[PDB]
Structures are given as C-alpha cells and as structure tokens.
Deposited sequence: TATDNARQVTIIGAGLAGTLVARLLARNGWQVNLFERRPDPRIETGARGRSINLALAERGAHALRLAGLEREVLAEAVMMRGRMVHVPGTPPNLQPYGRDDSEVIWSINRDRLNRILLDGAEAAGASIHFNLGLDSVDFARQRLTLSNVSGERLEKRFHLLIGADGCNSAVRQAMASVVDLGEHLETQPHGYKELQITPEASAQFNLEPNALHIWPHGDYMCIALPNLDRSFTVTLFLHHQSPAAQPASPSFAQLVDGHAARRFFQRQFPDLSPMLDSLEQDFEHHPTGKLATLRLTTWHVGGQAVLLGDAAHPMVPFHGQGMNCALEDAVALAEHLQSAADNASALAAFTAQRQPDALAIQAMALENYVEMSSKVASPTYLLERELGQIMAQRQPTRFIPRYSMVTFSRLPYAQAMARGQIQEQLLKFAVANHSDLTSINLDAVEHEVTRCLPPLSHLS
C-alpha cells in the first residue's frame, strides 16, 4: 500500500512513521531543507506539549526521547506590575503538567523516527499542483525546476497554507469559512542571564496579560525563554502598525510591560528581524477527495493558538488517520471515516481556543471557580474543569466542550444572587452535578 505525504512537519512525520511501520510504502516531500543537516546558520521557537500530543508520541515510541529535552511547566505565572507573581498550579501534582519543547528538536526527532520506520523523505521539494484525474502531482525547488510524480494516496500535512488543500479546492467545493483574527504575533527572547537575574521561574508558563494584547513566555533547557507578543495588526489603540521600528517597540514595552522590558535585551533587533506572524480560524466542510486525498493538522483546521493545542490536535489527527487507513475496507472508506470522526472535535477545539483568549488576557469569576474547586474535590470523577479535560485527558474535544458548558452553566446559576459561598448550599449543586454529569 502506497502513500505520498506532503509536509514533513509534525503531523506529516508522525503519520509517516505510523504507516511505514505498518508496512506502507511512504514517500514524504518537504519544501524546506532537512533541518538535521547542520549549517552555519543560526530557530528558538518552542511550544507546549500536552497529554494528547504526548500520548500520540507514546504510541509511536518517541515520547521518552522528546520529553528528555522538555522543560516541565507546573502552572501559570501571571505577571501584573504591582502584584507578586504566584504560581497557579495546573493540577493536583506533577502528573498534570505541560512540557515546553523546542519545535526544531521535536521535528528532528520525528524525522529520525519516520526514517527508522522505513519512510523515504525528500526535502527541498514543494508541492505546486495536483492532477487528480491523471493521478499525478508537480513539485518544484526554490529555483523553479519542476518534477512530476505519480501518486495513489495523497496526505496533506502541509500546514495552514496547505498546497494540497488548494489543489483539492479546485476539484471539489471544500466549503471554506475563514474567520480572520485581528492579532498578529512577534517572537522575542530572554537570555539565560536575564531570566536568572530577574528570578524568572523556569518550570512554569508565564503570562503578561493586558486586555486586547498580551505576552507569554515558555522556558528552554538552558534557562532562556521564548517570548511571544500578541497584538492587533491595526488599530480600530496599540497595534503593530504603530510600532514602526524597534525603538517604537521599546517605548511600547517600557510603558505597557515595564516589568518585562528590562528582560528583553535584544528587543529592538528581534522586533525588526523577526517577521510578524498571522493568525486565523479556517473551517472546512470536507477534508478529503474520494480515496485520493485527505488533509490533517493545520492543513485541515487552522486555529488560533490561545489554547496551545494545534500541535497536540495535529498529532492526535495523525494517530486517527493511520488507524483508519490501516483497518478500513478501502482508502475511500478510511478517509470518510477519519473526516467524520475528527471534524466535530476540530470544530470544538477551534471554538475553545478562541474562547480561551478572554480567559488569559484579563469577582463573580472567583466565586464560581471556588465552587468549581469544591465540586471537583467532592466529585473528581464527574466535575473536571474544562482546561483539565482539554489538556490532561484524551476525551474527544467536542465531549470536553459539552461537559464544560454544563459545568459553566452549573456554577453560573449556583453563584447567581449569592454574595459568598456561606450562602450557597453545596449539597444541592453536587446533586445537580450527579444529575447532569456522568463519571
């Protein structure tokens, strides 16, 4: 059984490994050069690995290797210029944590894993077009030289700007719905010396909320941090358009993030040399063309990054796609079944990711969460906070969102017209928890 995968990123490399070790003949094409071929060139991007992604790597036999290079994040460290930052633990103990991993290093581990299983990877070749009728595709290098290949099954794991998706959209209406996101983002750096000087906790995810914009920082093994600024592209107030150069960015940080600016030694340089990224939510009505082509990961469901679940979801997709392809009656049945299974969950995490921005960038909120804590301690089997369901369990995203709604409305009604917990009867709410939330 033969398969061609476009995109040696995260979902594409994992699915290549899962299929190759199950006896598939896998050819993987990547536009970029092989990152394992060391050059004289300078990437420090990292991201949050959670249970969904970790479990996928576990099935693939790669979790231990990945986690050996990951920094444990036990909770959120929220920074507001006046208050001292105190850790908000993510869960009960160190089993409920998030892992900060270098993106390039994760990709290199996955690349070795795909080749170890027997997949052939071809770099410096980007997909340009697909001829579905003749079952041929065209690739080219950066210099334009074109190369045609026959294909039997085409997997689009080629990112938020998928060329496979573009080619599919010409032979079928994919029912695309693009919801633009006003925030851009910029990557900045904190050195190991600066993070130590300012006593920045290494085993935590750091947030500098500020309403319509915010900063986060994730730790690295060498105690450096990668900082991400999230800020509106244009003003409808601060925006990227008002930050014309690095000196403008410095003044912006000194006023709005005074506690963080002194840690950003290379702010001016990083701001001018690192391009501003774009965010969006893109929903598709269908992800496949017959039994010929299918999308997964960011190619299928671009999402805003405010829940740190895009990679985790993409690796989850890879496991599911490989499972369906392995045991289906035929490729067409597999792709339809894969799409039917994962589409509702992708929509759920896309919606939860958008909702989560409000939860971070920022009364009744505190009393509700207090009661939620008591309910969790009374019925840890039934009342599980949505964040923990998304982050530390493998419950289908849509199921996690549905239970999260039941719980939010539960706490909202119980707290309504109550000044404090002393006036709330905790037994009747537990009764409602047992009534509406199975274990």
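What are the unmodelled segments when the structure is compared with the full deposited sequence, in sequence order? Unmodelled stretches, in sequence order: 1 to 6, 49, 244 to 248, 375 to 378, 456 to 460.
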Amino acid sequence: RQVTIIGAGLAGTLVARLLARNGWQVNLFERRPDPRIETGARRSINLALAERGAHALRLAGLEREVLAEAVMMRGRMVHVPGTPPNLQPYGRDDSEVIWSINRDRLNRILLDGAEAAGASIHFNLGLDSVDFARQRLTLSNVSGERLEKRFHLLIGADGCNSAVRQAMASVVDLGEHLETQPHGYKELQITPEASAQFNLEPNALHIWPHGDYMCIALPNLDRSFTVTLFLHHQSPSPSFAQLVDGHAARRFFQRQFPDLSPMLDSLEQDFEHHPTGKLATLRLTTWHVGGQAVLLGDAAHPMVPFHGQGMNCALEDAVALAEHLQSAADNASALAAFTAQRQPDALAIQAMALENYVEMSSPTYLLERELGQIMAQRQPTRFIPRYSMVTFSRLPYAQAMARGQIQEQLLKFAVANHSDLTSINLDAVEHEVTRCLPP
From here on, numbers count along this sequence of modelled residues.
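So that the term is clear: the rigid core is the largest set of C-alpha atoms that superpose within 1.5 Å between two forms.
With everything overlaid on the rigid core, name the stretch, 130 to 138 or 188 to 196, whose CA atoms wander farther on average in 7 other deposited structures of this protein. Of 130 to 138 and 188 to 196, the stretch deviating more in 7 other deposited structures of this protein is 188 to 196.
I'd like to know which segment deviates more from the shown structure in 7 other deposited structures of this protein: 160 to 168 or 79 to 87, using C-alpha RMS over all structures and residues after a core fit. Relative to the shown form, the greater RMS C-alpha distance in 7 other deposited structures of this protein belongs to 79 to 87.
312 to 320 set against 281 to 289, stretch whose average Cα temperature factor tops the other in the entry: Going by the record's values, the stretch with the higher mean is 281 to 289.
Please work out which of 166 to 174 and 130 to 138 has the higher mean CA B-factor as recorded in the PDB entry. Result: 166 to 174.
Quiz for you: based on the deposited Cα B-factor, which of 364, 226, 161, 199 is highest? That would be 364.
Just grab whichever of 389, 57, 41, 67 has the top CA B-factor as deposited. The C-alpha B-factor peaks, among 389, 57, 41, 67, at 41.
Would you check the entry's CA temperature factor for residue 383 and let me know if it's in the chain's lowest, middle or highest third? It falls in the top third of the chain.
Among the modelled residues of this chain, does the Cα B factor of residue 371 put it in the lowest, middle or highest third? Its C-alpha B-factor belongs to the highest third of this chain's values.
Chain thirds of CA B-factor: placement of residue 423: For residue 423, whose C-alpha B-factor we compare with every modelled residue in the chain, the answer is the highest third.
Lowest, middle or highest third: where is residue 340 by Cα B-factor in its chain? Residue 340: CA B-factor falls in the middle third of its chain.
Could you place residue 393 in the lowest, middle or highest third of its chain by Cα temperature factor, using the values in the record? For residue 393, whose C-alpha B-factor we compare with every modelled residue in the chain, the answer is the middle third.
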